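Okay, so here's just one chain, in structure tokens, the form deposited in one PDB entry.
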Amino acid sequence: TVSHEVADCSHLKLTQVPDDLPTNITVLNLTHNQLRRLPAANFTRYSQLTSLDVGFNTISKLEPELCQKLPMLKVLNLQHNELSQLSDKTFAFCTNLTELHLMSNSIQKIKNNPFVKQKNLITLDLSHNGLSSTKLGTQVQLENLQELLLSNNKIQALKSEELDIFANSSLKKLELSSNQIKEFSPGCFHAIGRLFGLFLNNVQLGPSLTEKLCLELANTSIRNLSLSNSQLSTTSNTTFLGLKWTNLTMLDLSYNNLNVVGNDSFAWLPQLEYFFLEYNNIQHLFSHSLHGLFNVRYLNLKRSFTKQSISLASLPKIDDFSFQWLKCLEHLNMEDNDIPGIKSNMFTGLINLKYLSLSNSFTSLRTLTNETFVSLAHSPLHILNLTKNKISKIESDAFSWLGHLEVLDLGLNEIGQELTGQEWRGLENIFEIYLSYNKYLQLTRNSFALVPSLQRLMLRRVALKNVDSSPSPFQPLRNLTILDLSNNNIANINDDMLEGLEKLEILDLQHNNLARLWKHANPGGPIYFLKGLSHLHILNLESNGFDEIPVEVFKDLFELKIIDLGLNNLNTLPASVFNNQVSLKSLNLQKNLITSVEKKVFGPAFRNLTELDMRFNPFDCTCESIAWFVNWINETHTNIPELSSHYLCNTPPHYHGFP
């Protein structure tokens, strides 16, 4: 029963409440216990409780005396119990409750008036019960109740009389999910004082019943209406007629298996702002299908279209000018679809668009012709996502229409070509370009000469070729900050590749082959490709096969903080190498061949750190080579994980395995 300010007793197998706790405890948690009964006589000591979570237990019934001992209780949680009987005196003395959870209590019928005696209630939960009617009392009560949950019940109708108790209550959420509701009575929602949101997820309504619901929702204050998994196979221009008289803003139609969308179906939602259509089975989107939605600010179409079938090749076709109506659209999530391709008028009319996602949106967008993004000429796009589209070639002037583009995501594709440099023309405001996980890229002298504003360039596992050109391909990128060149099997790097990139901060070169470039036997001398990077912060050089470190590689990294050198073949290091790393924070040298840690090399590096990773190193336990290191280990504040588990000497055999 650990407790400092709140009390936790979760999964402690308690049968009776403890009697030894501070009197001024505010939260008392007893989830996942076996409390058969809860006598109130044991709550005399606990008279300052605010939250009482006694859920997931086996309480049969409660007593009104429990509330007497708690004068200021605000939360009462009784999830997954056997409290199937309620009375007027059950919640009589409790009047400050702002939360009441009764989920999965097997409550069958609300008898007379269990909730009359409280007026400050905010949230009421009745999910997973055996209730058949939404009647919670006779007179009007629950003045401040804002959220009412009735999901997973056995309610088959919504009669007008049963909601007469909410004539003056502002319901912000009426959860009625998973209830086989098949009849709606007139005035059922008009009787509710102020209904702001309705949720009918997993409710088998159907199109005709959906139209009846919308008609019953006319001239009300609804703002949200979730109809997920409602088996809404087909919509028409009259399905949402009843919403013409309201101001609905959020509509959810996900998982409805919507086979087709009718012409002018959504013309009755001029105030819609958030529209959801993910995980549907739409086979054809008409030009006027999305008519009347000129105020939508966020449209989701993830898996909204039909998948390809070898039987018929029923690829979902999107007609031209289909998105011309979404004037105020600002976010289009359109991932995991099977569209044949982009047309010249597919995205016409989106004059306020700022985010377009096309991750795996097309079956085969092999070539990015310069006319592909012509429909996005007037769209002020900022972020474009094109991952997993199996793109194989990008022609010149492909992105010449996206003048406002800032983030381009071309990773996880099959782009194999030579970057002539003309592919990035027109990206005058580009900031980040992602190209990782491609087939193979061949850089040129002027590959990135047309995008001087670039700041991020990720090229992880792309099999870079001709990166060792005499003019550095990264020279025009004066504002570059993050560069990733990992898992490219790079062999040769020139010393002037990173020349002029003063603002570079994060550089990744792990999982490459640069061992030869740093050995003293390399013809032409070791390559010092890390000079001038005065603002470098994070350096990664894992699995490079390094066997020797030149003395003056880190001579100018005055602001280096994180350096990674694990999975290398380092055995000895030059003396006085980390002198300029005055602000180093994390040093990683795991899975190396280092046998000696001396002050002459690791002195300045161990000045003020916060992490250290030298786990799988064959240390040599000798006072000449490890004594300073173990003495430093003894007194320090640096975090060294697995210090006593893997920091084991290998030689001499006398100290073989001794930490």
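Rigid core here is just the name for the largest C-alpha set that superposes within 1.5 Å across the two forms. All residue numbers refer to positions in the sequence shown, first residue = 1.
As for the form deposited in another entry, it is not shown, yet the points below apply to it.
| said: Which one moved? Candidates are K154, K519, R366, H404, criterion is a Cα shift of 2 Å or more between this form and the one not shown after superposing on the core. | reply: So the only displaced C-alpha belongs to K519.
| field | C-alpha of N568 off by 2 Å or more between this form and the one not shown on rigid core | value | It does, since the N568 C-alpha is displaced 2 Å or more between this form and the one not shown after the core fit.
| Do you see a C-alpha shift of 2 Å or more at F558 between this form and the one not shown, with the core held fixed? | Yes, the C-alpha moves 2 Å or more.
| Would you say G206 moves its Cα by 2 Å or more between this form and the one not shown, aligning on the core? | No, its C-alpha moves less than 2 Å.
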